[PDB]
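# Secondary and tertiary structure notes
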Number of protein chains: 2
Amino acid sequence: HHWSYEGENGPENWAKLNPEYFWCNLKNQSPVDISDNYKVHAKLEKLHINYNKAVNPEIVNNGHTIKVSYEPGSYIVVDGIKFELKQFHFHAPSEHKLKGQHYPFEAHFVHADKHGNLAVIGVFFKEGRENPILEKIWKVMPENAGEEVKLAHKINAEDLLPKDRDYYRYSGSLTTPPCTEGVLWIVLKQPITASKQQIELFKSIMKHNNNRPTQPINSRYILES
Amino acid sequence: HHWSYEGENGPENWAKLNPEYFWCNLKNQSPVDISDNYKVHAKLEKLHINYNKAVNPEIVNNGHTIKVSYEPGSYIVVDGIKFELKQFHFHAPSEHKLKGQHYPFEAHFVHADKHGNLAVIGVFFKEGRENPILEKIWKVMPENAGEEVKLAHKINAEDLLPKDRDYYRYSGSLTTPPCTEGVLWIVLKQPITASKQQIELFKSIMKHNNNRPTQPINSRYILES
Ligand SMILES: [Zn+2]
Ligand SMILES: [Zn+2]
């Protein structure tokens, strides 16, 4: 009964598939179109990002994305709370839209506080210079679902963030089942770059687009730092 | 199967009473503590309130609150959408807190667009001069649960609002079962007043407090105009 991005098990049917996926049909779902009608400017706190190197992380093709596990000890501080970075993974094209338009590629940095509350940092990619930290992961990326390899290199997830740290903030959900809500989303405004070849290798390995369609904003607003 | 504000069928157990009440345990519930920690100023549209008189409305004591039915044709316009006023009702002490403080009294004006989406305006009351609309309703409010009477007067809900129309805005839920989420909350900054007699009679008829405890803010911000 595997959920997918297409067909009878695609995103419109996710909540039907499994009693745990009831969230996918509710009112505060992600991703969203970031458009002017419901974004406002606000005085938001500076992003506090405290990342160390991950030594030899595991790289997993779970059939829906390429996921990189992160060793404990790296965190962000939001609203006073520490959220520890657990993993990051990729979507092509982007899940979030900017005024109705996709980016070719999006990375999600998934964090959890000590009670398991989630915060995700989203980073957009535009075509351009090959990203060389991406190139370390791509070189060894398992091509088939359910496969895991150990990267024999150190990597720092900070190198996959823009230097400019202005952001959008809203309250949403995981974008794959079970689609749990109460997720803090922080989407960085400035994209970084990846090569067209890096993006296309990811797409052929994924074999299909792996972005969930944007969801109704409902009674939410998006905040802009 | 019946719900209440205390005991075995009180707020922490609402979700167990009825499968339709699953919302009551999720992550975007109301009311909330309006706290400096997660409140930010923002450029928000002016409230557009277009209320006409309601001729001889029904007043119901449903065991949970005193509810006043409003005649069709009065509405607010938010984000371009017309929400028609259906009813208003009362809580003592208030449901929302400010900086951890209750007000003695709170009114909720419940609106719904043509598809049933909900917008609620909250108004705080402090103890002071008597309110003249409240006086008309209080004169004939049913004292026991399950009773209805028709008011023999016209009233305009606009006279239950403050003159100053600054507000807090956030995405939330109904505060009674089924606790549906996707509710746009608009809480007016400026309290108006009810007399000691008005507050005492309401509390006496309700027999017990009828406010839901405040709920975790989770990943939300409260916007201030
Ligand atoms: Zn993701
Ligand atoms: Zn209410």
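Conventions and cut-offs
- Residues numbered from 1 in each chain as written, not as in the entry; some residues may be left out.
- Chains lettered and ligands numbered in written order.
- Heavy atoms only, no water.
- Helix = DSSP H or I, 4+ residues; strand = E, 2+ residues; numbered from the N terminus.
- Rg over C-alpha atoms; globule rule 2.2 N^0.38 Å.
- Contact = heavy atoms within 4.5 Å.
- Donors = N, O, S within 2.8 Å, 3.2 Å for Na, K, Ca; no water.
- Buried < 20%, exposed > 50% of the residue type's maximum accessible area, 1.4 Å probe, protein only.
- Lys, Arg positive; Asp, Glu negative; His and termini not counted.
- Salt bridge = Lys/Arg side-chain N within 4 Å of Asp/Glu carboxyl O.
- Polar contact = N/O pair within 3.5 Å; in protein donor to acceptor, adjacent residues only side chain to side chain.
- Core = buried A, V, L, I, M, F, W, Y, C linked by side-chain atoms within 4.5 Å.
- Pairing = 2+ DSSP bridges.
- Arc of directions from axis to C-beta.

Listed as the method for this PDB entry is X-ray crystallography; the listed resolution is 2.20 Å.

Next up on the list: the overall build of chain A. Helix and strand counts for chain A stand at 3 helices and 18 strands. Taken over C-alpha atoms, the radius of gyration comes to 17 Å for chain A, in line with the 17 Å a tight globule of 225 residues would show. Counting only contacts in chain A whose residues sit at least 6 apart along the sequence, the fraction spanning at least 24 positions is 68%.

Before going further, it helps to spend a moment on the coordination of the zinc ion (ligand 2). All names here are of chain B. Those protein atoms acting as donors to the zinc ion (ligand 2) are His89 (NE2), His91 (NE2) and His108 (ND1), and they sit at 2.0 to 2.1 Å. In terms of primary sequence, the donors binding the zinc ion (ligand 2) are separated according to H-x1-H-x16-H. Residue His89 is located in strand β8 (residues 81–91), and its partner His108 is located in strand β11 (residues 105–112); the two are separated by 19 residues in the primary sequence. Across this residue pair, the class does not change: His89 and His108 are buried.

So, about the side chain of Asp113 of chain B. Residue and element names in this part refer to chain B. Within the secondary structure layout, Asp113 lies in the loop between β11 and β12 (118–127). Salt bridges are absent for the buried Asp113, whose nearest opposite-charge side chain, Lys114, sits at 8.4 Å. Engagement of the side chain of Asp113 in a polar contact is seen with the backbone nitrogen of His115, the distance being 3.1 Å. From its side chain, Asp113 meets the backbone nitrogen of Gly116 in a polar contact 3.0 Å long. Every residue in contact with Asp113, bar those within four places of it in the chain, is listed here: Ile81, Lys82 and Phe83.

In a soluble, globular protein the nonpolar side chains are often hidden away together inside. Grouped together as the largest cluster of nonpolar side chains are 126 residues, with contacts concentrated most on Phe88, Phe109, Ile121 and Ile137 of chain A together with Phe109 and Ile137 of chain B. Tallying contributions element by element places β12 of chain B first for this core, with 7 residues. Residues in contact with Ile137 of chain A, not counting those within four places in the same chain, are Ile59, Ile66, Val68, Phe88 and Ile155 of chain A. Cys179 of chain A together with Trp3, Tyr21 and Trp23 of chain B belong to the second largest nonpolar core, which has 17 residues in total.

All right, on to the sheet that holds strand β9 (residues 97–98) of chain A then. Residues and elements named next belong to chain A. Judged by pairing direction, the sheet is mixed, and its 3 strands sit side by side in the order β1-β9-β10 without closing on themselves. The open sheet has two edge strands with one neighbour each: β1 (33–34) and β10 (101–102). Pairing of β9 with β10, which is carried by 2 bridges, proceeds in the antiparallel orientation. When the bridges of β10 are listed, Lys97 appears paired with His102.

We now examine helix α2 (residues 132–140) of chain B. Residue and element names in this part refer to chain B. Inspection of α2 places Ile133, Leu134, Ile137 and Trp138 among the buried residues, and these make up the whole buried set. Seen along its axis, α2 keeps its buried residues to an arc of 125 degrees; they face one direction. Across α2 from its buried face, at more than 90 degrees, point the exposed residues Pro132 and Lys139. The distance from a side-chain oxygen at the start of α2 to the backbone nitrogen of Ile133 is 2.9 Å, and the residue carrying that oxygen is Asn131.

Turning next to the coordination of the zinc ion (ligand 1). Residues and elements named next belong to chain A. Distances from the zinc ion (ligand 1) to its protein donors, namely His89 (NE2), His91 (NE2) and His108 (ND1), fall within the range 2.0 to 2.1 Å. The exposure class of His89 is buried, given its relative accessible area of 11%. Given a relative accessible area of 1%, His91 falls into the buried group.

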